[PDB]
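What follows is a short report on a single structure.
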Amino acid sequence: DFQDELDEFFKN
Amino acid sequence: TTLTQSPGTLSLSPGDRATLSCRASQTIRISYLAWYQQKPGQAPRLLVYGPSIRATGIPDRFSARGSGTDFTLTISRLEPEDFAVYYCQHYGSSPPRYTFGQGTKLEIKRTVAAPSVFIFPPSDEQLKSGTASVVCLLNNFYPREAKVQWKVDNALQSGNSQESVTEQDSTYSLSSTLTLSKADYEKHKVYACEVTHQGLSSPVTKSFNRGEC
Amino acid sequence: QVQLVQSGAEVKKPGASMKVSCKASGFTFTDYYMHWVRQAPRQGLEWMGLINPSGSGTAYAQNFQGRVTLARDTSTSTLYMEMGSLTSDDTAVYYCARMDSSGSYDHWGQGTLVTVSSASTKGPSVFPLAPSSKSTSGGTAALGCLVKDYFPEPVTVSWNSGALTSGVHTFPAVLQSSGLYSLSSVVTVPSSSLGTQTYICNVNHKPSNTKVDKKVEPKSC
Ligand SMILES: [Cl-]
Ligand SMILES: [Mg+2]
Ligand SMILES: [Mg+2]
Ligand SMILES: [Mg+2]
Ligand SMILES: [Mg+2]
Ligand SMILES: [Mg+2]
Ligand SMILES: [Mg+2]
Ligand SMILES: [Mg+2]
Ligand SMILES: [Mg+2]
Ligand SMILES: [Mg+2]
């Protein structure tokens, strides 16, 4: 989960 | 968001149930809170994260819980290897941020033990180099808190002493080194450390006379 | 069998820059966010930053933004951290940490001591802590070695080439005013051992390429 959150931050 | 752990030092006995507290400056979700163990000279080890999810191979005696600003790590039965420093850690993803509590030391509870107070006059090898270190040694005492007051010709001496406290028998030892130029050392006669500790009804003073005792 | 093998200890002058590395093996490096955490002497953990698995994205602690750069080398499975304008406050063990998908750090490197000081490498002077009646308390005596004025950390101290472990306690080093470290290595012994047992502290200081041995003999006081 949190890895996907960071992924989402860095994609933005 | 900052994390503040309490107590700073928790003193328990093996087999006890330990609860360590982590206090967030504002509400956080337990899923973004992790707990780490660190023994001296070792890297931290993840114990538990989120709603009491134990890290791989972390025994079932470790759990975590809490909500709002109040979170706890529980060790339901302390093993000797569990006496260590514990850190909570909080993380957020937008923006990516991590923060740690300042750490709680889990110390072995034991009876008050007065230190043996030993004093070591400067060695001649050091005096030959132009310096004099006097070492006051407080041996096998508990609890950790101790005060060393250096005295030179019965004056309160300061500015040039440092102490080292060991890690936690389960007692502590403390060395205090008073370091002088040889010239300064030779200007006075009586060197003493006066020690204050819970197990001492009155301050203990150990002294020597330069060149003698 | 996750391995995070960090580069060796570093000594730095103030205002210098440092580059620390962490070589990963035993896992798919490019699947993991990697983090850097530091711990100053007898202080707590402090986050510095993370880098995403591709190396394209980083995020730094606010206290390190501007002075820290994170990189990773997919070809060598190596995490790097570069930090500039070093001050003595940056003296710390620096840890790489692998982030589990939960966001917690499931595996850590062994750490990299970075010492930032205007002090120069110097071997220790080793002075006997000469046991006497003043270091004797009813059956128990203490002796030791004062391992003084060395830089940087660490020193390794043994007694009698390792044969003596009972009663040995090497204290945590203290940083002196001079910028040099000093420690005391103490042996609690039976008072009966004074003058019959030989006590030699063996001090290795790899950074200065120095070795010291000091036989510790009693004083009469
Ligand atoms: Cl949160
Ligand atoms: Mg999206
Ligand atoms: Mg120790
Ligand atoms: Mg380097
Ligand atoms: Mg990925
Ligand atoms: Mg693992
Ligand atoms: Mg000196
Ligand atoms: Mg050391
Ligand atoms: Mg050697
Ligand atoms: Mg030798």
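Only this structure's heavy atoms are used, side chains among them; waters, hydrogens and symmetry mates stay out. When a ligand or atom number is given, it counts from 1 through the structure's own listing order. In what follows, chains are A, B, ... by sequence order, proteins preceding strands, each numbered from 1.
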Checklist entry - Can you tell if the side chain of B:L174 reaches within under 4.5 Å of the side chain of B:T166, non-hydrogen atoms only? => result no
Next on the checklist: Measuring only between side-chain heavy atoms, which start at C-beta, is C:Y80 closer than 4.5 Å to C:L70?
Outcome noted: no
Next on the checklist: Run the side-chain hydrogen bond (donor to acceptor under 3.5 Å, both in side chains) test on B:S176 and B:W150 for me, step by step, so that the C-alpha distance in whole Å, both residues' side-chain angles and the decisive distance to 0.1 Å come before the verdict.
Outcome noted: CA-CA 9 Å; B:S176 175; B:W150 284 99; 2.8 Å; yes
Next on the checklist: Considering the Mg ion (ligand 3), could you give the total of protein N/O/S atoms lying closer than 2.8 Å?
Outcome noted: 1
Item to check | Ring-face cation contact, C:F29 with C:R72, 6.0 Å cut, 45° max | outcome: yes
Next on the checklist: Give me each pair satisfying ring-ring contact (aromatic ring centres under 6.0 Å, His included) with a member in residues 34-60 of chain B, each pair once, sequence neighbours excluded.
Outcome noted: B:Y36-C:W108
Checklist entry - Are B:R77 and B:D16 ion-paired here, with the side-chain N under 4.0 Å from a carboxylate O? => result no
Checklist entry - Thinking salt bridges, do B:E81 and B:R61 make one under a 4.0 Å N-O criterion? => result yes
Next on the checklist: Around atom CD of C:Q110, are there more than 12 heavy atoms from other residues, nucleotides or ligands closer than 6.0 Å?
Outcome noted: yes
Checklist entry - Can you name the residues that form a salt bridge (charged side-chain N to carboxylate O under 4.0 Å, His left out) with B:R65, not counting sequence neighbours? => result none
Next on the checklist: Keeping to distances under 2.8 Å, can you name the protein N/O/S atoms close to the Mg ion (ligand 6)?
Outcome noted: C:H107 NE2
